[PDB]
Amino acid sequence: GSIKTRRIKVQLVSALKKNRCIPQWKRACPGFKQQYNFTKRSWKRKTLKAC
Amino acid sequence: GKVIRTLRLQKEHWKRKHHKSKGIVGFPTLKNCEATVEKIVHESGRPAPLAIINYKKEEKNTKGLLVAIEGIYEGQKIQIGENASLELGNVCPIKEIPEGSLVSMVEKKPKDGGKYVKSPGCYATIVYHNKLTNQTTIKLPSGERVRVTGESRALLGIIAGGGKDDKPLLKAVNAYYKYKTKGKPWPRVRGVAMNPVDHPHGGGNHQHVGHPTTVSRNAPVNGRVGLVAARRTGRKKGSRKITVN
Amino acid sequence: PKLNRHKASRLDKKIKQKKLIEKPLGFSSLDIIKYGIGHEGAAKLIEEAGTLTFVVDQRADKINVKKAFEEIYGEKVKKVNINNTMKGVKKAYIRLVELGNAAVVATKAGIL
Amino acid sequence: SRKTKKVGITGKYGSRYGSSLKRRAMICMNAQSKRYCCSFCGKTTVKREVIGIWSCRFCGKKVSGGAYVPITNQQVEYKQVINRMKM
Amino acid sequence: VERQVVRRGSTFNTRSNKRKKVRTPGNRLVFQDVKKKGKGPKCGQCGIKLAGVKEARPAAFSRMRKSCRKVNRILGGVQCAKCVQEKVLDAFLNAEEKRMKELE
RNA sequence: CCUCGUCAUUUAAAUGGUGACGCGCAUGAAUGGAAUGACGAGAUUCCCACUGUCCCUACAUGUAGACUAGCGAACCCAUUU
RNA sequence: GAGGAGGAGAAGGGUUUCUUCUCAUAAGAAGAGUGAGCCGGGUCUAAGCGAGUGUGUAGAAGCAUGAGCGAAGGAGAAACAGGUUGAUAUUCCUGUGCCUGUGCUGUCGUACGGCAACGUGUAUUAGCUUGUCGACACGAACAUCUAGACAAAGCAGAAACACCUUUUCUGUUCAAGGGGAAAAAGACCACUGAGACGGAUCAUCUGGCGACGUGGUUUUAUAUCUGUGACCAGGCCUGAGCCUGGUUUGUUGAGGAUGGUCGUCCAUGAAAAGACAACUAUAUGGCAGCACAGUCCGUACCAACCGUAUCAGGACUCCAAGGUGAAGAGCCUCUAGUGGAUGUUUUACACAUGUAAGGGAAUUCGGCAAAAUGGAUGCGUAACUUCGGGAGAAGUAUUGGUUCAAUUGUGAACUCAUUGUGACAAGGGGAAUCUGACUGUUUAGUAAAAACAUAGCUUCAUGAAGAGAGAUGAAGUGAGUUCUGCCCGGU
RNA sequence: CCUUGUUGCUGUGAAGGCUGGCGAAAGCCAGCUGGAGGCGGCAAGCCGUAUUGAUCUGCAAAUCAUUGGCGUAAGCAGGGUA
Ligand SMILES: [Zn+2]
Ligand SMILES: [Zn+2]
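Protein chains in written order, with PDB author numbering: chain LLL, 2 to 52; chain LA0, 2 to 246; chain LX0, 2 to 113; chain LPP, 2 to 88; chain LGG, 2 to 105.
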């Protein structure tokens with residue numbers, strides 16, 4: 002909801018910046034072997050436990 | 002089995018709370034005082050009313066609590082200690098009060114603040130003064146006779162609020178309000194209606210105790226239920242009391 | 002006294018010691034300001050309300066921002082409002098004592 | 002007033018609780034609700050605030066008393082004994 | 002008929018949350034807040050409310066003029082005219098008995 | 001227990017109900033005994049009203065079901081029946 | 001269908017919100033978006049928790065005292081209208097304000113009046129002490145105010161017209177701050193001097209401790225005015241600006257606010273921070289202008305929450321129109337909001353429902369299920385009973401529309417093709433027996449009961465208390481009425 | 001245990017009060033006023049008697065329909081604490 006503590010807000014801000022795919026240029030690099038970022042999440046499928 | 006109801010209710014988190022209390026009840030310590038009665042008040046757990054008193058100790062005003070005797074009023078001046086007059090509601094040394102008189106809030110030893118008679122409607126009777134030993138015999142409301150030294154103080158009158166037990170509580174809710182502040186279990190479920198894990202009277206295909214209900218004084222605590230160390234039982238007449246002053 | 006401090010608004014706690022050598026200039030005007038923001042959202046504010054918008058260091062407060070602007074850019078300030086955004090950036094909005102000067106300072110500084 | 006032959010103030014309870022118990026309660030219930038005479042001002046304006054405390058609606062004096070009546074039987078007698086001690 | 006929302010705070014209808022309905026120049030019906038009522042001084046002897054003094058809440062009372070908070074007599078607010086008449090007489094009459102008991 | 005005890009009343013007809021009787025396998029007095037009022041989604045018998053419960057079944061309505069487009073599983077299984 | 005499938009907050013979720021593009025779609029990718037001295041947190045204290053210290057333990061636990069902590073719905077200085085974005089707004093912009101402090105310049109101050117009830121005067125710090133405010137249960141009736149809703153007249157625009165109609169619909173606005181009545185309800189002051197008697201309430205009641213009367217003093221709302229104009233409706237033109245209105249009266253009325261009364265209780269219904277008055281000393285203090293200051297954290301959105309989900313379940317609160325009727329009941333409408341596995345007339349057996357000749361429980365363990373009765377007004381009401389009840393006992397009759405009398409009691413006439421609480425809503429009743437006195441409670445998920453509880457009755461132990469025999473604990477029986485015989489051999 | 005929220009419409013008509021009549025008294029009989037109660041019929045709600053109804057590869061690891069019980073109170077509920 003609208004009321005939040007400072008500690009809860011920083012957790013949300015960090016959880017929101019980490020939630021991104023692999024940038025499209027990295028895929029062209031000779032040494033790079035990852036397909037998809039397995040740390041990506043959806044609000045419909047997991048809980049953060051920020052509480 | 003498990004621990005019985007009687008033990009659980011004696012643990013510390015079940016003791017009566019004091020948050021609504023007015024203060025500790027008892028006489029001032031000084032040899033002589035003149036006091037004024039400031040207010041007469043009800044205290045949440047107690048049926049007898051309390052009186053707030055005001056008296057000087059050095060230059061400063063100080064406050065105390067007495068149990069109210071019947072017939073005081075707000076604004077009355079009262080006299081405490083040696084050289085007080087025999088007037089209703091004064092406090093005096095016991096040796097000054099004549100035989101056959103009725104007293105309340107009696108000290109068992111000097112400067113204890115007053116114990117003995119403190120419940121609504123009660124009083125004690127002065128039955129004898131011994132001029133050699135300086136003892137006095139008082140008859141307590143249980144019928145017991147006890148000896149106290151002449152230097153102890155006492156309040157002249159009967160405790161306010163008498164007659165309260167005349168009116169029956171006809172309903173369950175009326176009993177609820179009376180026991181809400183006491184330590185006894187209400188409502189009280191009978192032991193014969195429990196299972197044998199919960200109470201020594203539990204179990205069986207008919208509701209019965211099955212063993213005698215009179216138990217020893219030295220029996221172990223988690224089974225000491227029923228009539229503890231009874232001398233006799235039943236509705237028959239007893240015997241003559243033996244009496245000395 | 003030790004407590005978990007979960008309801009607190011300031012995340013720092015400890016009082017700070019002296020040191021044998023101290024850092025040259027300290028928390029100072031050129032650490033406080035990061036950049037002015039110039040886009041279609043900001044442009045309206047310069048044109049209508051005489052206010053600039055800036056990104057500022059997390060450690061900064063209203064009094065410090067007021068001083069730093071008057072030191073770097075030179076116009077006098079009426080008000081400062083502050084906003085912690087969902088992207089982890091502290092924004093400051095500064096209104097100038099005379100309007101019109103907002104378009105002068107913005108253009109000199111290359112914000113606009 | 003007095004529209005009932007026997008039941009008096011206890012008519013509020015209908016047919017519930019026993020007959021014998023109601024006629025004990027009745028004595029106390031009639032006594033509680035009355036106004037009584039003030040010792041200080043003579044008027045009939047004294048009523049009960051709470052058990053043991055009685056109060057005058059004109060002059061404001063408060064006095065200790067019984068649970069259902071201002072002066073109890075033991076008090077009416079004992080008050081006299083004290084007056085004799087003063088002689 | 003237009004219906005309202007709570008603009009600020011909580012919906013939970015406690016003593017600190019009284020509201021009234023008001024019509025604005027723009028022809029809207031809106032809720033607006035209400036401050037609690039104040040009780041003024043009662044006499045220290047008898048419980049009667051003192052004449053000549055205003056009733057307000059502690060913060061608002063302190064911002065009024067001193068004349069709103071007293072009467073010009075021996076006890077300002079504090080006590081009523083009858084109780085001071087009694088006090089003045091009592092102190093006089095007691096001193097006269099002491100005078101007599103000293104002279105006799 | 002014997003037992004569907006005997007006598008009366010209720011029905012055309014009563015292993016039922018109510019009233020009587022009592023050597024009661026093995027009733028009974030705060031392990032509480034006995035007679036009523038008001039109040040039970042408590043257990044039991046009868047009468048009046050009422051009816052597809054029944055004699056004895058018939059017709060009609062909505063929604064599923066049969067057939068059709070799109071989508072699309074599971075229990076179970078030595079199997080030749 | 002206003003106890004909404006409407007509009008908003010809390011707990012919980014965390015970008016789900018806005019724009020663009022692509023299908024990959026309850027799918028992705030890239031950007032953008034939350035602004036405060038006056039709203040809430042950071043303060044105070046409840047029940048309570050506790051570092052350290054003392055005592056104890058192999059170390060612990062525990063016990064005594066006690067810094068600090070403990071409520072986003074208890075106490076708690078000061079703000080409101082109207083505008084603006086794709087997305088924020090009592091936070092931004094315009095206007096008018098307020099609280100707490102700081103500094104400059106002017107301008108005044110060092111006291112009086114009334115028999116009194118008390119008034120005039122915007123007034124400094126500091127301290128004892130005494131008191132007040134903060135600061136408080138439930139229930140009932142009666143006043144007064146404000147939202148709201150009606151009805152007439154005026155104007156502006158709409159709807160409807162084969163016929164009829166001045167028929168019908170929508171509008172007619174005024175914030176915080178400043179100034180301010182009459183009224184009603186209570187206190188009190190001066191004169192006066194009252195009864196087998198006057199005054200007064202819906203109801204209690206009230207007076208020589210001073211009635212009625214005649215003149216005053218004070219406490220508590222609201223209407224009205226200002227708030228410098230905003231905002232709305234309509235017309236003319238238009239890639240813009242002008243012009244015209246926003247006027248009067250009556251009835252009712254809270255599910256909000258306030259006031260003084262009355263009732264109930266073996267139940268009498270928080271603290272503290274922070275304030276104020278009197279008394280005593282001490283005095284360069286009041287007001288007007290102008291200027292300066294007020295840090296830190298939260299602020300988007302939810303039909304998106306918990307149940308493995310896009311789940312008929314669960315989940316704390318606020319606002320609330322017209323008719324019918326006793327009634328935020330059911331039924332019907334205005335404001336605001338809403339919807340998809342496709343076609344086919346589709347047997348039998350189902351699941352939700354209707355109706356039935358003659359008979360009327362013959363059915364079945366058993367009237368299980370269904371039918372019948374139903375609101376208001378009147379007449380008339382038994383055994384038994386703790387005299388309160390039983391009791392709506394039972395049993396019977398009336399009820400629509402129209403046009404009149406009469407004024408709360410109701411009467412009378414005329415009229416209709418099955419009759420009238422016409423739909424919706426809405427008791428079946430009596431005679432007996434067993435059992436528990438009554439309202440209440442229980443096996444969340446096969447048992448709601450005769451079981452548990454309960455008021456009352458009886459027994460037992462104690463003079464120890466932060467409690468003191470009308471007390472504090474332990475057992476048994478189960479309201480009331482009427483009784484409660486005999487046995488101490490065994491344990 | 002501490003701090004809070006939540007009662008709308010109706011029936012019956014106790015205590016107390018005022019008039020009129022009857023009586024030598026004591027105190028009896030009418031009509032009106034007043035509004036008590038773990039008191040009656042209902043609403044919002046809280047619950048769980050029957051159909052041994054529907055469902056039993058469920059909408060659901062306890063739900064749905066009609067029918068029922070209480071509803072001015074030993075009633076229901078949020079947060080803090082034990
Ligand atoms: Zn008096
Ligand atoms: Zn006074």
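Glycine included, C-beta positions come from ideal geometry on N, C-alpha and C.
- Pairwise C-beta distances place the stretch 96-110 of chain LA0 out of contact with the stretch 42-60 of chain LA0, as fewer than three of them are shorter than 8 Å.
- When 9 Å is used as the limit between beta carbons, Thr6 (chain LLL) is near these residues of chain LX0: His7, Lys8, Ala9, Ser10, in chain order.
- In the three-state DSSP reduction, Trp187 (chain LA0) falls in the coil class, being neither helix nor strand.
- Using a C-beta cut-off of 8 Å, the stretch 169-181 of chain LA0 makes no contact with the stretch 118-131 of chain LA0, since fewer than three inter-stretch Cβ pairs fall below that distance.
- For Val77 (chain LPP), no beta strand (DSSP E) run applies; the uninterrupted alpha helix (DSSP H) run containing it begins and ends at 74-86, by DSSP.
- Residue list for ligand 2: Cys44 (chain LGG), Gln46 (chain LGG), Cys47 (chain LGG), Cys81 (chain LGG), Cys84 (chain LGG) (CB closer than 5 Å to any heavy atom, chain order).
- Secondary structure of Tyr94 (chain LX0) (DSSP, three-state): strand.
- For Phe62 (chain LGG), the uninterrupted alpha helix (DSSP H) run begins and ends at 59-63, by DSSP.
- Within the stretch 17-29 of chain LLL, those residues whose Cβ lies closer than 8 Å to any Cβ of chain LX0 are, in chain order, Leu17, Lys18.
- Pairing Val70 (chain LPP) with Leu90 (chain LGG), the inter-Cα distance amounts to about 37 Å.
- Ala161, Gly162, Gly163, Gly164, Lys165, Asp167, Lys168, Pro169, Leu171, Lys172: these are the residues of the stretch 161-193 of chain LA0 whose beta carbon lies less than 8 Å from some beta carbon of chain LPP, given in chain order.
- Fewer than three pairs of CB atoms, one per stretch, sit closer than 8 Å, so the stretch 145-159 of chain LA0 makes no contact with the stretch 185-203 of chain LA0.
- The straight-line gap separating the alpha-carbon atoms of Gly41 (chain LGG) and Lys71 (chain LGG) is approximately 11 Å.
- With fewer than three CB-CB distances shorter than 8 Å, the stretch 21-33 of chain LPP does not count as touching the stretch 72-89 of chain LX0.
- Taken through DSSP and simplified to helix, strand or coil, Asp199 (chain LA0) comes out as coil.
- The alpha carbon of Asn84 (chain LA0) has as its nearest neighbour, out of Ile95 (chain LA0), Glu75 (chain LA0), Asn135 (chain LA0), the alpha carbon of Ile95 (chain LA0).
- Taking C-beta atoms under 8 Å as the contact rule, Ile112 (chain LX0) and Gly42 (chain LX0) fail to qualify, at a distance of about 13 Å.
- Here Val2 (chain LGG) is actually not in contact with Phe32 (chain LGG); their C-beta atoms are around 14 Å apart, not less than 8 Å.
- Rounded to whole angstroms, the separation of the alpha carbons of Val147 (chain LA0) and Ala96 (chain LGG) is 49 Å.
- Linking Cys30 (chain LLL) to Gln36 (chain LLL) through their CA atoms gives a straight-line distance of about 13 Å.
- Of all residues in the stretch 61-80 of chain LA0, those with a C-beta nearer than 9 Å to a C-beta of chain LPP are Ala69, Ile70, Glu71, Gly72, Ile73, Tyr74, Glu75, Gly76, reading in chain order.
- By the criterion of a C-beta distance shorter than 6 Å, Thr52 (chain LX0) is surrounded in its chain by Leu46, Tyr94, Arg96, once the five residues flanking it on both sides are discounted.
- In terms of beta-carbon proximity, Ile159 (chain LA0) lines the interface with chain LPP, with at least one pair separated by less than 7 Å.
- Under the three-state reduction of DSSP, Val106 (chain LX0) is assigned to helix.
- Between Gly162 (chain LA0) and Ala49 (chain LA0) the beta-carbon gap is near 5 Å, inside 8 Å, which marks them as a contact.
- Remark: the shortest separation between the CB of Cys60 (chain LPP) and any heavy atom of ligand 1 falls under 6 Å.
- The count of Cβ pairs closer than 8 Å, one atom from the stretch 64-74 of chain LA0 and one from the stretch 47-67 of chain LPP, reaches three, so the stretches are in contact.
- Of all residues in the stretch 29-56 of chain LA0, the ones placed with a Cβ closer than 9 Å to any Cβ belonging to chain LPP are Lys40, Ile41, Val42, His43, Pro48, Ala49, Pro50, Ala52, in chain order.
- One alpha carbon belongs to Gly115 (chain LA0), the other to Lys8 (chain LX0), and they sit about 51 Å apart.
- By the C-beta criterion, the stretch 24-37 of chain LA0 is judged not to be in contact with the stretch 6-15 of chain LA0, since fewer than 3 inter-stretch pairs fall below 8 Å.
- A straight-line Cα-Cα distance of about 34 Å links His20 (chain LA0) and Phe59 (chain LPP).
- Against chain LPP, the CB of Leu228 (chain LA0) has no partner CB under 7 Å away; the residue lies outside that interface.
- Listed along chain LPP are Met86, each with a C-beta nearer than 8 Å to that of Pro99 (chain LA0).
- Beta-carbon to beta-carbon, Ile159 (chain LA0) and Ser105 (chain LA0) are separated by about 7 Å, close enough to satisfy the 8 Å threshold.
- Within the stretch 81-104 of chain LX0, contact with chain LLL at the beta-carbon level (separation under 7 Å) is assigned to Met87, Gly89.
- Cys39 (chain LPP) has its CB nearer than 6 Å to a heavy atom of ligand 1.
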